[PDB]
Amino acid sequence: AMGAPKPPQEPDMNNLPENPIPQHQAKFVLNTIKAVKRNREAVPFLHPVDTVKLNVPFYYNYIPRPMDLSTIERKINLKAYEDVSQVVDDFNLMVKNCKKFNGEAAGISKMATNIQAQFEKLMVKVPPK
């Protein structure tokens, strides 16, 4: 049995905002994401979930909006965010996707929670708008 196809990759390069996040904030969040990427518990979240490699045919039926650290980093670099809260939203989406599919009690979900904790701690220092 086949499941749903992989959604189009983000960002939609066709709907960027003309007023992205100022460079000072964007530079801070980019450095924050790179810091998370160096976390050893971030390894599974570096790249998009590979539903064929992981043999989870229905992953996209349950997770219609996948997210991962490389997509967040690309959305910052390509100027796709309008507000730092959207960065936090995408990080939360990555974590919620993981818990939704794998269950709150799975090891991978604990790793998701741990890198979310690091991310939030770093974000405490984000410069104002």
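The first residue of the shown sequence is 1; numbering continues from there.
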- Query: Of 44-52 and 93-101, which one has the bigger average CA B-factor?
  - Reply: 44-52
- Is the mean CA B factor in the deposited entry higher across 19-27 or across 110-118? 19-27
- Out of 80, 69, 63, 87, which residue has the highest Cα temperature factor in the PDB record? 80
- Task: Name the third of the chain's ranked CA B-factors that contains residue 8, choosing lowest, middle or highest.
- Result: highest
